[PDB]
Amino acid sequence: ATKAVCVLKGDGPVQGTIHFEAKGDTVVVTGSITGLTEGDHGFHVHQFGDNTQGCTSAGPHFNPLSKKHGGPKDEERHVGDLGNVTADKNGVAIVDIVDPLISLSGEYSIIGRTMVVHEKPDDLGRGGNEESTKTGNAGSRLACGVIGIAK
């Protein structure tokens, strides 16, 4: 694919629509999420596109290279580590990310996997504790969706 889309939904008020487009050797990720508390929220691709138990069955971050958790600009990062999205006072986050590790085809393809928006900011692997290097201490999964092929 060259284009994908994901609709985020959960058990609370958080919702959003994320679009993905292959451009050169990168993926451009755009869209918006609403109903979020003001501030930063971790935003990652989780391994499985399994929504049988809500966002919990999505598994851990997509990490085909068996690395520790980092920020998007780090060399030591999971392929699914896209950092944080920032919600304004009205709870709206505008997403505008360009990333070279995720892909819409081949081995790092995220089609069929799960996009998750988390309750807290992702510490990018610099939190000082053990959890920081697994999940960035991003907390719970507020909303998620399976990444599908778009027109």
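Start at 1 and count along the sequence shown; that's the residue number.
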- Comparing 100-108 with 122-130, the higher average Cα temperature factor in the PDB entry belongs to 122-130
- Item | Average Cα temperature factor in the PDB entry - higher stretch of 6-14, 138-146 | 6-14
- Candidate residues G39, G83, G35, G59, the one whose C-alpha B factor the record puts highest: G39
- Query: Going by the deposited entry, which of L65, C55, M115, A87 has the highest CA temperature factor?
  - Reply: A87
- By the entry's values, the third containing the CA B factor of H78 is the lowest
- Divide the modelled residues of the chain into thirds by Cα B-factor and specify which third, lowest, middle or highest, holds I94. middle
